[PDB]
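First, one chain by itself in structure tokens, the form deposited without this ligand.
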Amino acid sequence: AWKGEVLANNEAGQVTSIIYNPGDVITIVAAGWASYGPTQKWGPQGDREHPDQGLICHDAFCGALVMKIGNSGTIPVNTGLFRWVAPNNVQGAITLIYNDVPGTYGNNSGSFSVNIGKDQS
């Protein structure tokens, strides 16, 4: 029920129309190519070779797709989530974000194409 693009250079991330409510089961699929600065591109799992120098999400590689649900901290998405249920006390609008160091989004390029849907529960 949501399809769109998340730009690697967008520090604020892309607000979706999906409101995660308690008990919701969701599926995410992410595709595409992006860079956090170097003259190469990576998919939605990012670059396993790059050290973490203050990423917004310590549980995903630099250049990975991550998300926030309302005011949650960052949650790894990577290539996507299969029939996934959030931790207790997590709810609200899903924001998709490119995993980088705050203040370093200006040299980023490319984007991921993302589908999000609610599953049966």
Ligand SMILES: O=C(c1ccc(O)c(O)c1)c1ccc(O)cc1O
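Residue numbers here begin at 1 and follow the sequence given. Between two forms, the rigid core is defined as the largest C-alpha subset superposing within 1.5 Å.
Choosing between 69 to 77 and 87 to 95, the greater Cα displacement from the shown form in 8 other deposited structures of this protein, fitted by the core, goes with 87 to 95. Higher mean CA temperature factor between 91 to 99 and 45 to 53: 45 to 53, per the PDB entry. When the C-alpha B factors of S35, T79, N71, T27 are read from the deposited coordinates, the top value falls at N71. Looking at the C-alpha B-factors along this chain, the one for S111 belongs to the lowest third.
The protein also exists as the form deposited with this ligand bound; that form is not presented, and the subsequent description refers to it.
Using a 4.5 angstroms threshold between heavy atoms, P76 counts as touching this ligand in the deposited bound form. Although the partner is absent here, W84 sits close enough that one of its heavy atoms falls within 4.5 Å of this ligand in the deposited bound form.
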